[PDB]
């Protein structure tokens, strides 16, 4: 049976689903590299952990290349369609459509990037074709597999949302959610994967599938067209780097907020020498919470897609800005109105956007 900790001499795979880990491991065993295996794993997770990721979405794939020694990010984050508008999530009164309903609308669907990202990864580093790497997942989709507890829980929890679309025929056969151990069969997904295997990514970004996806998005109120799909490309992003406790950390830049604020929180907390406090002391949690409030406030004010907005990365990570933020934190009292700082004190330029309160 599968383990949540393992050791190996010639490589390692860790994923959220044992069947995906098995597929990735098999790729390495058969002489593939970490990129080959990662591509196979994404297809496998698309089938076995279908609520969490897949060719209908997007992601950030960080790769360290053992030959060149360069670290690169394939950024397959989705794009808003050309017909998207700044107010598309607002009602006629200019207030937000309630979140639980907003997420079910066609306006919510970004142009998917995952498949394009996988193609790019193989172009740069692949030693196995997409045809080879997608095959194990075609078989899981066509033949089925017994669902795990996390997937069973997800189908039950989101049954209402699934019941309103064609997804019901896959996850709610005969009107009832599949239970743990039940066989999930995804014949249409298998077909789509077979189309990708035969035709390449044009099977997804062009032709009948692109038309069908676009029409469906429009039927559900969104603006996506075939042209949006044809236009899509990934972006190659350069990691942001930080120094921490003798390590160099490579992490994700805008359009993710992750890297900046991971580094900002580490830099703020580094001043406090956390290990002096017991790992479950109130002191440690106090310092974490106070730091989180400051950094998440900055995130809400200053982070967005750098193709569009002036993210003050330099100011947000400036050691003197970090110092000013650290000085706002006390063990013995809580900031009850934490706010974004002014990183523009520590760098050139200004925001090309406003500070806008959100529901």
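Positions refer to the first chain, counted from 1.
Student: May I ask you to compare 155-163 and 221-229 by their mean CA B factor in the entry and name the higher one?
Tutor: Comparing 155-163 with 221-229, the higher average CA B-factor belongs to 155-163.
Student: Higher mean Cα B-factor in the deposited model: 342-350 or 13-21?
Tutor: Result of the comparison: 342-350.
Student: From 276, 107, 235, 137, can you pick the one with the highest C-alpha B factor in the entry?
Tutor: Out of 276, 107, 235, 137, the record gives the largest C-alpha B-factor to 276.
Student: Could you check 207, 255, 117, 112 and tell me which one carries the biggest Cα B-factor in the deposited entry?
Tutor: Going by the entry's C-alpha B-factors, 207 comes out highest.
Student: Could you tell me which third, lowest, middle or highest, the C-alpha B-factor of residue 87 occupies within its chain?
Tutor: Tercile = middle for this residue's CA B-factor.
Student: Place residue 191 in the lowest, middle or highest third of its chain's C-alpha B-factors, as listed in the PDB entry.
Tutor: For residue 191, the deposited C-alpha B-factor lands in the lowest third.
Student: Against its chain's modelled residues, does residue 78's Cα B factor rank lowest, middle or highest third?
Tutor: It falls in the bottom third of the chain.
Student: What third of its chain, lowest, middle or highest, does the C-alpha temperature factor of residue 30 fall into?
Tutor: Top third by C-alpha B-factor.
Student: State the tercile, meaning the lowest, middle or highest third, of residue 293 with respect to the CA B-factors recorded for its chain.
Tutor: It falls in the bottom third of the chain.
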